[PDB]
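Below: one structure, written as structure tokens.
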Amino acid sequence: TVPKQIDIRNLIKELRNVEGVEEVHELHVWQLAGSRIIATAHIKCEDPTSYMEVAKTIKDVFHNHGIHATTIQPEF
Amino acid sequence: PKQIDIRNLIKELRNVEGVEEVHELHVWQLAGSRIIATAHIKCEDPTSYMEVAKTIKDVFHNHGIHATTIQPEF
């Protein structure tokens, strides 16, 4: 009975501020029953050493904005 | 306008060069008759992946799925 609010602006800004993230090329969100929100992102990263290190940070940022299921596609 | 042949899709993905493992192969039906897919993929190394990501995208396209997000494990 209670819609969940997604802060687009701070989500995208926090993602862009993750070390080694050069661009967010794609980001979609969609929502299911039980206010469960799913997201995809395509990101440009500096190099594959960054990405493996920083994927956890991205997942944490999503989680901090009430999105618990993500698929992150990097471009190097 | 194409069926998604599930068995061939999984089998083709698994046989893409440098793909070691395919997990979490999800197909989502969204509004406006949109189908997208997500997948977790274990690759040999990041040189393979950047080579293969086009191939995976095209395999998905071939099985009637036009938007994909592939999450690699190195």
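Note: hydrogens, waters and symmetry copies are ignored here, and every other heavy atom, side chains too, is used. A note on names: the letters A, B, ... follow the listed sequences, proteins ahead of strands, and every chain is numbered from 1.
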- Hydrophobic cluster membership, A:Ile37 vs A:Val24, 4.5 Å side-chain cutoff: yes
- Any idea how B:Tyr49 and A:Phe76 line up, ring-wise: parallel (<30°), tilted (30 to 60°), or perpendicular (>60°)? perpendicular
- Message: For a quick test of reading the model, state the closest non-hydrogen atom pair linking A:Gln73 to B:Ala53 and the distance between them.
- Response: NE2-CB, 4.5 Å
- Task: Would you confirm whether A:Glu26, through its side chain, and A:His28, through its main-chain N or O, come within 3.5 Å as a donor-acceptor pair?
- Result: yes
- For residues B:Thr55 and B:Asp58, is any side-chain donor paired with an opposing acceptor at under 3.5 Å? no
- Nearest 0.5 Å please: distance from the NZ atom of B:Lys57 over to the CG atom of B:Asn62. 12.5 Å
- A:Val61 side chain near A:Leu11 side chain, heavy-atom distance below 4.5 Å: yes
- Query: Do you know the tightest heavy-atom contact between A:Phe62 and A:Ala39?
  - Reply: CE2-CB, 3.6 Å
- Determine whether B:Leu25 and B:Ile10 make a side-chain contact, defined as any pair of heavy atoms from C-beta on separated by less than 4.5 Å. yes
- Shortest non-hydrogen contact from B:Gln29 toward B:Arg34: NE2-O, 3.3 Å
- Task: I would like to know whether B:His66 and B:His61 meet side-chain contact (heavy atoms from CB on, under 4.5 Å); could you show each step before the answer?
- Result: CA-CA 5 Å; B:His66 299 306; B:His61 291 340; 3.8 Å; yes
- Could you check if a side-chain atom of A:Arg9 sits within less than 4.5 angstrom of a side-chain atom of A:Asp7, using non-hydrogen atoms only? yes
- Message: Less than 4.5 Å apart, side chain to side chain, heavy atoms only: is that true for A:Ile6 and A:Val29?
- Response: yes
- Can you find a pair of side-chain heavy atoms, one from B:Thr68 and one from B:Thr38, that are under 4.5 Å apart? no
- Query: Of the non-hydrogen atoms in B:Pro72 and A:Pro74, which two are nearest, and what is the gap between them?
  - Reply: CD-CD, 3.4 Å
- Is it the case that one hydrophobic cluster holds both B:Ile6 and B:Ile70, taking links as side-chain heavy atoms less than 4.5 Å apart, direct or via other members? yes
- Side-chain touch A:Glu19/A:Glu53, heavy atoms, less than 4.5 angstrom: no
- Is it true that B:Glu73 and B:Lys42 have a side-chain N and a carboxylate O under 4.0 angstrom from each other? no
- Query: Will you find, in the side chains of B:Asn8 and B:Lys11, an N or O donor that is under 3.5 Å from an N or O acceptor?
  - Reply: no
- Side-chain contact test, heavy atoms from C-beta onward, threshold under 4.5 Å: evaluate it for B:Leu30 versus B:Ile36 and give yes or no. yes
- Message: Just so I know, are the side chains of B:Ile41 and B:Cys43 near enough to count as touching, which here means a heavy-atom distance under 4.5 Å?
- Response: yes
- Message: Same cluster or not: A:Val18 versus A:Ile67, using hydrophobic residues (I, L, V, M, F, W, Y) connected whenever any side-chain heavy atoms lie under 4.5 Å apart?
- Response: yes
- Message: side-chain contact (heavy atoms from CB on, under 4.5 Å) for A:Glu14 and A:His65? Distances and angles first, verdict last.
- Response: CA-CA 10 Å; A:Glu14 292 156 14; A:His65 284 279; 2.6 Å; yes
- How would you list, by chain and number, every residue that makes a salt bridge (charged side-chain N to carboxylate O under 4.0 Å, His left out) with A:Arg16, sequence neighbours excluded? A:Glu23
